[PDB]
>>> print(open('input.txt').read())   # compact mmCIF, C-alpha atoms and all ligand atoms
# COMPACT_ATOMS: atom_id res chain seq x y z
CA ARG A 1 -35.31 15.96 2.11
CA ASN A 2 -37.16 13.53 -0.17
CA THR A 3 -40.48 15.34 -0.60
CA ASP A 4 -41.69 13.27 -3.53
CA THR A 5 -43.89 10.26 -4.22
CA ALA A 6 -41.01 7.89 -5.06
CA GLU A 7 -37.61 6.99 -3.63
CA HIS A 8 -34.51 8.63 -5.09
CA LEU A 9 -31.06 7.13 -5.63
CA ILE A 10 -28.31 9.12 -3.90
CA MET A 11 -24.61 8.53 -4.59
CA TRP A 12 -21.41 10.01 -3.16
CA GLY A 13 -17.69 9.34 -2.86
CA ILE A 14 -14.71 9.66 -0.53
CA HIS A 15 -11.13 10.74 -1.23
CA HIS A 16 -8.04 8.65 -0.46
CA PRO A 17 -4.94 10.88 -0.64
CA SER A 18 -1.62 9.64 -1.98
CA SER A 19 0.86 11.03 0.56
CA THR A 20 1.05 12.76 3.92
CA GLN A 21 2.05 15.96 2.12
CA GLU A 22 -1.26 15.88 0.23
CA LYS A 23 -3.80 15.56 3.05
CA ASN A 24 -2.03 18.22 5.10
CA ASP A 25 -2.60 20.58 2.16
CA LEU A 26 -6.11 19.78 0.93
CA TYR A 27 -7.75 19.41 4.36
CA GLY A 28 -5.41 20.01 7.29
CA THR A 29 -3.61 18.26 10.12
CA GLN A 30 -6.48 16.99 12.29
CA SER A 31 -8.07 13.55 11.95
CA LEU A 32 -10.66 13.08 9.21
CA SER A 33 -13.89 11.11 9.58
CA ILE A 34 -17.28 10.99 7.85
CA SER A 35 -20.59 9.98 9.44
CA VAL A 36 -23.70 9.22 7.38
CA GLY A 37 -27.18 8.64 8.74
CA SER A 38 -30.81 8.13 7.78
CA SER A 39 -33.78 6.30 9.26
CA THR A 40 -32.62 3.05 7.62
CA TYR A 41 -28.95 3.44 6.63
CA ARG A 42 -26.07 4.12 9.03
CA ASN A 43 -22.38 3.90 8.14
CA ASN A 44 -19.03 5.51 8.88
CA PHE A 45 -15.87 5.95 6.80
CA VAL A 46 -12.43 7.54 7.11
CA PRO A 47 -9.84 8.68 4.54
CA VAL A 48 -6.54 6.80 4.83
CA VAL A 49 -3.31 7.73 3.08
CA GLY A 50 -1.03 5.24 1.36
CA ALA A 51 1.04 4.52 -1.75
CA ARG A 52 -0.22 3.22 -5.09
CA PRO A 53 0.78 2.82 -8.73
CA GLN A 54 -0.06 5.77 -10.94
CA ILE B 1 0.73 -24.70 -9.77
CA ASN B 2 3.94 -22.78 -10.47
CA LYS B 3 5.85 -20.63 -7.98
CA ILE B 4 7.79 -17.42 -8.66
CA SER B 5 9.89 -15.69 -6.01
CA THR B 6 9.19 -12.07 -5.09
CA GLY B 7 12.68 -10.77 -4.35
CA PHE B 8 11.71 -8.68 -1.32
CA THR B 9 14.61 -7.31 0.73
CA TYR B 10 14.48 -5.81 4.22
CA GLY B 11 16.65 -3.42 6.18
CA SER B 12 19.11 -3.89 9.00
CA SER B 13 16.58 -3.22 11.76
CA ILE B 14 13.98 -5.76 10.53
CA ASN B 15 14.25 -9.44 11.50
CA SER B 16 12.59 -11.64 8.87
CA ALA B 17 13.38 -14.91 10.68
CA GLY B 18 10.52 -15.06 13.16
CA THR B 19 9.53 -18.56 14.24
CA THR B 20 6.83 -20.05 16.46
CA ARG B 21 6.54 -23.28 18.43
CA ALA B 22 3.20 -24.32 16.94
CA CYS B 23 4.57 -24.90 13.40
CA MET B 24 7.27 -27.56 13.81
CA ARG B 25 9.72 -29.04 11.33
CA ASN B 26 12.61 -31.44 12.00
CA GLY B 27 12.04 -31.01 15.74
CA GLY B 28 12.72 -27.26 15.70
CA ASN B 29 10.76 -24.03 15.57
CA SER B 30 9.56 -23.00 12.12
CA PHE B 31 7.01 -20.92 10.21
CA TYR B 32 5.06 -21.04 6.96
CA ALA B 33 7.29 -22.00 4.04
CA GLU B 34 6.28 -19.02 1.87
CA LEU B 35 5.50 -16.19 4.33
CA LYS B 36 8.04 -14.15 6.29
CA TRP B 37 7.19 -12.91 9.79
CA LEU B 38 8.85 -9.51 10.12
CA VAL B 39 9.64 -8.27 13.63
CA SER B 40 11.90 -5.74 15.29
CA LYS B 41 15.59 -6.61 15.47
CA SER B 42 15.70 -5.77 19.19
CA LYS B 43 12.71 -6.06 21.50
CA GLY B 44 11.01 -2.75 22.24
CA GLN B 45 12.45 -0.76 19.33
CA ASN B 46 9.90 0.90 17.07
CA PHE B 47 9.47 -0.97 13.81
CA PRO B 48 10.90 1.06 10.91
CA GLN B 49 8.48 2.03 8.17
CA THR B 50 9.12 0.37 4.81
CA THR B 51 7.46 0.01 1.41
CA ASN B 52 7.67 -2.94 -0.97
CA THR B 53 6.54 -3.68 -4.51
CA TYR B 54 6.10 -6.77 -6.68
CA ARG B 55 7.04 -6.29 -10.33
CA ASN B 56 5.09 -8.64 -12.60
CA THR B 57 6.59 -9.55 -15.97
CA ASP B 58 5.11 -12.96 -16.87
CA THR B 59 2.34 -13.27 -19.45
CA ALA B 60 -0.38 -14.39 -16.99
CA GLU B 61 -1.76 -13.20 -13.67
CA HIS B 62 -0.32 -14.52 -10.41
CA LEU B 63 -2.11 -15.22 -7.12
CA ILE B 64 -0.49 -13.19 -4.34
CA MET B 65 -1.37 -13.99 -0.72
CA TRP B 66 -0.36 -12.39 2.59
CA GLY B 67 -1.41 -12.16 6.23
CA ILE B 68 -1.64 -9.87 9.24
CA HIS B 69 -0.88 -10.43 12.93
CA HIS B 70 -3.28 -9.83 15.83
CA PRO B 71 -1.33 -9.94 19.12
CA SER B 72 -2.78 -11.35 22.32
CA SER B 73 -1.99 -8.58 24.82
CA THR B 74 -0.54 -5.09 25.07
CA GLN B 75 2.64 -6.62 26.50
CA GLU B 76 3.15 -8.37 23.14
CA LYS B 77 2.77 -5.67 20.49
CA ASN B 78 5.00 -3.43 22.61
CA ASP B 79 7.70 -6.10 22.31
CA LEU B 80 7.45 -7.44 18.76
CA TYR B 81 6.81 -4.08 17.06
CA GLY B 82 6.91 -1.10 19.42
CA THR B 83 4.73 1.57 20.99
CA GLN B 84 3.58 3.62 17.99
CA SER B 85 0.34 2.89 16.14
CA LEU B 86 0.33 0.14 13.52
CA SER B 87 -1.27 0.39 10.08
CA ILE B 88 -0.92 -1.35 6.73
CA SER B 89 -1.72 0.14 3.31
CA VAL B 90 -2.01 -1.97 0.16
CA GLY B 91 -2.45 -0.73 -3.38
CA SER B 92 -2.47 -1.86 -6.99
CA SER B 93 -4.07 -0.45 -10.13
CA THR B 94 -7.25 -2.38 -9.23
CA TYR B 95 -7.14 -3.39 -5.53
CA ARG B 96 -7.05 -1.03 -2.55
CA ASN B 97 -7.50 -1.86 1.12
CA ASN B 98 -6.33 -0.84 4.58
CA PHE B 99 -5.92 -2.93 7.73
CA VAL B 100 -4.75 -2.47 11.32
CA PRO B 101 -3.62 -4.92 14.02
CA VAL B 102 -5.83 -4.95 17.12
CA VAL B 103 -5.08 -6.73 20.38
CA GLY B 104 -7.48 -8.59 22.64
CA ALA B 105 -7.85 -11.66 24.81
CA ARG B 106 -8.86 -14.97 23.25
CA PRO B 107 -9.08 -18.68 24.05
CA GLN B 108 -5.89 -20.65 23.57
CA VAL B 109 -5.66 -22.79 20.43
CA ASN B 110 -2.62 -25.04 20.07
CA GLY B 111 0.17 -23.24 21.99
CA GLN B 112 -0.66 -19.73 20.73
CA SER B 113 -3.25 -17.30 22.11
CA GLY B 114 -3.09 -15.01 19.07
CA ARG B 115 -4.32 -15.12 15.47
CA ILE B 116 -3.18 -14.50 11.90
CA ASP B 117 -5.62 -13.90 9.05
CA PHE B 118 -4.85 -14.18 5.35
CA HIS B 119 -5.97 -12.22 2.30
CA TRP B 120 -5.36 -12.65 -1.42
CA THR B 121 -5.71 -10.90 -4.77
CA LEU B 122 -4.93 -11.42 -8.46
CA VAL B 123 -2.11 -9.37 -9.99
CA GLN B 124 -2.74 -8.85 -13.70
CA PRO B 125 0.16 -9.07 -16.17
CA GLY B 126 2.31 -5.97 -16.49
CA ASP B 127 1.08 -4.48 -13.20
CA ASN B 128 2.51 -3.52 -9.82
CA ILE B 129 1.15 -4.24 -6.34
CA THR B 130 2.51 -2.28 -3.38
CA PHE B 131 2.76 -3.08 0.33
CA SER B 132 3.25 -0.06 2.61
CA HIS B 133 3.53 -1.51 6.12
CA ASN B 134 4.68 -0.03 9.42
CA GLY B 135 4.23 -3.17 11.53
CA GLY B 136 2.23 -6.37 11.91
CA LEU B 137 2.65 -7.45 8.29
CA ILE B 138 3.54 -11.05 7.46
CA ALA B 139 4.99 -10.54 4.00
CA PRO B 140 5.25 -13.17 1.26
CA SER B 141 8.38 -14.51 -0.39
CA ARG B 142 6.83 -16.47 -3.29
CA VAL B 143 3.70 -15.96 -5.40
CA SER B 144 1.92 -18.85 -7.10
CA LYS B 145 0.37 -19.07 -10.55
CA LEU B 146 -2.44 -21.42 -11.57
CA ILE B 147 -2.23 -23.15 -14.96
CA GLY B 148 -4.43 -25.58 -16.85
CA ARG B 149 -7.78 -27.20 -16.14
CA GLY B 150 -8.54 -30.34 -14.17
CA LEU B 151 -10.99 -32.08 -11.84
CA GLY B 152 -11.39 -31.89 -8.09
CA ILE B 153 -12.52 -34.93 -6.12
CA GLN B 154 -13.74 -34.73 -2.52
CA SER B 155 -13.85 -38.25 -1.09
CA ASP B 156 -12.05 -40.61 1.28
CA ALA B 157 -12.10 -43.93 -0.61
CA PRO B 158 -8.91 -45.88 -1.35
CA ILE B 159 -7.19 -45.17 -4.66
CA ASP B 160 -7.22 -47.71 -7.48
CA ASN B 161 -4.87 -47.66 -10.47
CA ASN B 162 -6.07 -50.66 -12.53
CA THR C 1 -24.72 -35.10 -25.01
CA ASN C 2 -22.35 -35.62 -22.10
CA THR C 3 -21.41 -32.48 -20.18
CA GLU C 4 -18.99 -32.60 -17.25
CA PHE C 5 -20.24 -31.33 -13.89
CA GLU C 6 -18.25 -29.83 -11.02
CA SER C 7 -18.90 -29.44 -7.28
CA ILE C 8 -20.72 -26.33 -6.05
CA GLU C 9 -20.67 -27.12 -2.32
CA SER C 10 -18.16 -28.49 0.18
CA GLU C 11 -18.60 -32.00 1.58
CA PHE C 12 -16.34 -31.37 4.60
CA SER C 13 -16.57 -27.61 5.29
CA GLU C 14 -19.75 -25.55 5.74
CA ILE C 15 -21.67 -23.16 3.49
CA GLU C 16 -23.42 -19.91 4.32
CA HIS C 17 -27.08 -20.32 5.23
CA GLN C 18 -28.38 -17.67 2.82
CA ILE C 19 -26.84 -19.27 -0.27
CA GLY C 20 -27.02 -22.86 0.96
CA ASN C 21 -30.81 -22.73 0.85
CA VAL C 22 -30.88 -21.48 -2.75
CA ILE C 23 -28.54 -24.28 -3.81
CA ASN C 24 -30.70 -26.78 -1.92
CA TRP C 25 -33.92 -25.49 -3.47
CA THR C 26 -32.68 -25.79 -7.05
CA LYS C 27 -31.33 -29.33 -6.63
CA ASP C 28 -34.53 -30.76 -5.13
CA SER C 29 -36.57 -28.95 -7.79
CA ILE C 30 -34.40 -30.39 -10.57
CA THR C 31 -34.51 -33.92 -9.16
CA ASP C 32 -38.31 -33.71 -9.27
CA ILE C 33 -38.29 -33.24 -13.06
CA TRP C 34 -36.05 -36.19 -13.93
CA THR C 35 -38.00 -38.54 -11.66
CA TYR C 36 -41.34 -37.49 -13.15
CA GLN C 37 -39.94 -37.41 -16.68
CA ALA C 38 -38.43 -40.90 -16.48
CA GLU C 39 -41.52 -42.67 -15.10
CA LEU C 40 -43.84 -41.39 -17.82
CA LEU C 41 -41.27 -41.67 -20.61
CA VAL C 42 -40.75 -45.39 -19.94
CA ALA C 43 -44.49 -46.00 -19.58
CA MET C 44 -44.94 -44.66 -23.12
CA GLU C 45 -42.36 -47.17 -24.38
CA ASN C 46 -43.88 -50.15 -22.58
CA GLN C 47 -47.28 -49.13 -23.94
CA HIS C 48 -46.13 -48.99 -27.56
CA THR C 49 -44.15 -52.23 -27.42
CA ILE C 50 -47.23 -54.20 -26.36
CA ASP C 51 -49.35 -52.72 -29.15
CA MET C 52 -46.61 -53.01 -31.78
CA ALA C 53 -45.86 -56.69 -31.16
CA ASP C 54 -49.57 -57.58 -31.26
CA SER C 55 -50.03 -56.07 -34.72
CA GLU C 56 -47.20 -58.18 -36.13
CA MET C 57 -49.29 -61.24 -35.27
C1 LIG A 201 -29.27 -28.39 2.54
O1 LIG A 201 -29.38 -29.77 2.28
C2 LIG A 201 -28.55 -30.60 3.06
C3 LIG A 201 -28.78 -32.01 2.56
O2 LIG A 201 -30.17 -32.26 2.53
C4 LIG A 201 -28.82 -30.42 4.55
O3 LIG A 201 -27.89 -31.13 5.34
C5 LIG A 201 -28.53 -31.97 6.34
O4 LIG A 201 -28.84 -31.26 7.51
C6 LIG A 201 -29.56 -32.03 8.46
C7 LIG A 201 -30.00 -31.12 9.59
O5 LIG A 201 -30.79 -30.07 9.09
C8 LIG A 201 -28.71 -33.21 8.94
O6 LIG A 201 -29.48 -34.10 9.72
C9 LIG A 201 -28.84 -34.38 10.98
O7 LIG A 201 -27.51 -34.82 10.80
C10 LIG A 201 -26.82 -35.46 11.87
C11 LIG A 201 -26.38 -36.85 11.42
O8 LIG A 201 -25.37 -37.28 12.31
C12 LIG A 201 -27.59 -35.47 13.19
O9 LIG A 201 -27.53 -34.21 13.82
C13 LIG A 201 -29.09 -35.79 13.05
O10 LIG A 201 -29.39 -37.14 13.30
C14 LIG A 201 -29.67 -35.47 11.66
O11 LIG A 201 -29.69 -36.59 10.81
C15 LIG A 201 -28.22 -34.01 7.74
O12 LIG A 201 -27.27 -34.97 8.12
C16 LIG A 201 -27.56 -33.10 6.71
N1 LIG A 201 -27.18 -33.85 5.55
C17 LIG A 201 -25.91 -34.00 5.12
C18 LIG A 201 -25.75 -34.84 3.88
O13 LIG A 201 -24.95 -33.51 5.69
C19 LIG A 201 -28.69 -28.95 4.90
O14 LIG A 201 -29.02 -28.69 6.24
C20 LIG A 201 -29.63 -28.15 4.01
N2 LIG A 201 -29.61 -26.74 4.34
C21 LIG A 201 -28.51 -25.98 4.42
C22 LIG A 201 -28.77 -24.54 4.78
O15 LIG A 201 -27.38 -26.38 4.21
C1 LIG A 202 5.32 -0.51 -12.49
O1 LIG A 202 6.70 -0.41 -12.19
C2 LIG A 202 7.50 -0.24 -13.34
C3 LIG A 202 8.95 -0.36 -12.94
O2 LIG A 202 9.19 -1.63 -12.38
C4 LIG A 202 7.17 1.09 -14.02
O3 LIG A 202 7.89 1.23 -15.22
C5 LIG A 202 8.30 2.60 -15.44
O4 LIG A 202 7.29 3.34 -16.07
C6 LIG A 202 7.62 4.70 -16.28
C7 LIG A 202 6.39 5.45 -16.74
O5 LIG A 202 6.01 4.99 -18.01
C8 LIG A 202 8.80 4.78 -17.25
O6 LIG A 202 9.23 6.10 -17.46
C9 LIG A 202 9.98 4.01 -16.67
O7 LIG A 202 11.05 3.93 -17.57
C10 LIG A 202 9.55 2.58 -16.32
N1 LIG A 202 10.63 1.89 -15.66
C11 LIG A 202 11.26 0.81 -16.15
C12 LIG A 202 12.35 0.25 -15.27
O8 LIG A 202 10.98 0.29 -17.22
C13 LIG A 202 5.68 1.11 -14.37
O9 LIG A 202 5.27 2.35 -14.87
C14 LIG A 202 4.86 0.81 -13.12
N2 LIG A 202 3.46 0.77 -13.43
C15 LIG A 202 2.88 -0.13 -14.24
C16 LIG A 202 1.39 0.03 -14.40
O10 LIG A 202 3.49 -1.01 -14.82
>>> encode(input="input.txt", output="structure tokens")
Amino acid sequence: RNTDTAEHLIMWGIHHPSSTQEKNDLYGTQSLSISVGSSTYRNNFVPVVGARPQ
Amino acid sequence: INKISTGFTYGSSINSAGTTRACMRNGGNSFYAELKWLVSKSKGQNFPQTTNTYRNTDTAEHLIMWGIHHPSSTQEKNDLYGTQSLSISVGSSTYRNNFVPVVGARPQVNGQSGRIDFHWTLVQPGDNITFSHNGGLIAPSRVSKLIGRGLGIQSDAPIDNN
Amino acid sequence: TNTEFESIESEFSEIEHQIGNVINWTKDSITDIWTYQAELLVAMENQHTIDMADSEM
């Protein structure tokens, strides 16, 4: 709730695991999904596992 | 421009010799000269999951380009790839993205009712870029490098040499 | 002070509307300075030449 006279900057992040063994541990076995919403900003994301250089 | 091969190798169950009628050469079926269309060895069999990497060693960055396939109907993806879900994961030390083939009806262009869309990225020297694909990927076999500076002219007038 | 210039828009393909307008605005606003600057600059050289040559007499 932005009960103030001026607009505030809000920042967040999303995780992208490195292997199937990782997501099953940190979160679980179901499907992950994130929904954001305000009166002006609507968006949706989803973690996806893959392989990457270290 | 200079071209450097990638050295990718694929397993027994992957057919990297896919060809289409709409890209002709010498009167026979053909495909893009630098992209390999992977498909299942035998129609209906689930595409095996594989991972590939490009190992850069030159002193300058190379321009790597690839593409993804969007079938035309459910009867197609079940044949070329299989019945399981398709998904493609890419990753380097600087570039991350995820894609997924999706099927739907479309107008016919040339003799094909499907589509293929291309992406690209710059691979910095000494780095690795990884392709983790389960199906639908159209992998590269050569990666270009751009050298020097020049001029680009956009006109249709006849050339003159004197 | 010659400086080479490149192309910033395609003569056969299309450009996005949002950025195409900004490119268009700058070009027409820069052509309006050279045209104005050249007319007056020459008029100040014609003016002096007439006066100069008449003093030599
Ligand atoms: C940015 O500036 C360019 C150049 O001034 C604009 O392109 C011009 O667009 C107009 C239409 O808004 C074209 O006029 C029409 O073109 C054809 C000619 O066969 C025909 O439909 C009409 O008789 C009329 O003349 C004009 O040709 C075109 N100029 C060029 C050189 O292609 C452009 O629209 C401006 N804005 C943007 C967002 O690009
Ligand atoms: C890119 O891949 C290369 C191998 O092609 C990796 O090199 C290995 O790096 C580890 C960690 O430092 C070393 O222990 C190994 O000996 C290296 N292998 C070889 C064959 O030299 C490299 O780490 C990967 N990542 C980057 C950023 O280059």
>>> residues_near_ligand(input="input.txt", ligand="ligand LIG 201 (chain A)", cutoff="10 Å", atoms="only C-alpha atoms and all ligand atoms", output="VMD selection string")
chain C and resid 9 11 to 12 14 to 25 27 to 28
>>> interface_residues(input="input.txt", of="chain A", to="chain B", cutoff="12 Å", atoms="only C-alpha atoms", output="ChimeraX atom specification")
/A:16-19,45-54
>>> interface_residues(input="input.txt", of="chain C", to="chain B", cutoff="10 Å", atoms="all atoms listed in the file", output="NGL selection string")
:C and (4-7 or 10-12)
>>> closest_residue(input="input.txt", among="B:56, B:136, B:74, B:100", to="ligand LIG 202 (chain A)", atoms="all atoms listed in the file")
B:56
>>> atom_distance(input="input.txt", atom1="atom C7 of ligand LIG 202 (chain A)", atom2="atom CA of residue B:57")
15.0 Å
>>> residues_around(input="input.txt", residues="residue B:116", least_positions_apart="5", cutoff="12 Å", atoms="all atoms listed in the file", output="ChimeraX atom specification")
/B:32,35,37,66-72,101-103,136-138
>>> atom_distance(input="input.txt", atom1="atom CA of residue B:1", atom2="atom CA of residue B:145")
5.7 Å
>>> residues_around(input="input.txt", residues="stretch 42-46 of chain B", least_positions_apart="4", cutoff="10 Å", atoms="only C-alpha atoms", output="ChimeraX atom specification")
/B:13-15,76-85,134-135
>>> residues_around(input="input.txt", residues="residue B:65", least_positions_apart="6", cutoff="9 Å", atoms="only C-alpha atoms", output="PyMOL selection string")
chain B and resi 35+118-122+139-140+142-144
>>> atom_distance(input="input.txt", atom1="atom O10 of ligand LIG 202 (chain A)", atom2="atom CA of residue B:54")
10.3 Å
>>> axis_aligned_box(input="input.txt", around="ligand LIG 202 (chain A)", padding_each_side="6 Å", output="AutoDock Vina command-line options")
--center_x 6.9 --center_y 2.2 --center_z -15.1 --size_x 23.0 --size_y 19.7 --size_z 17.8
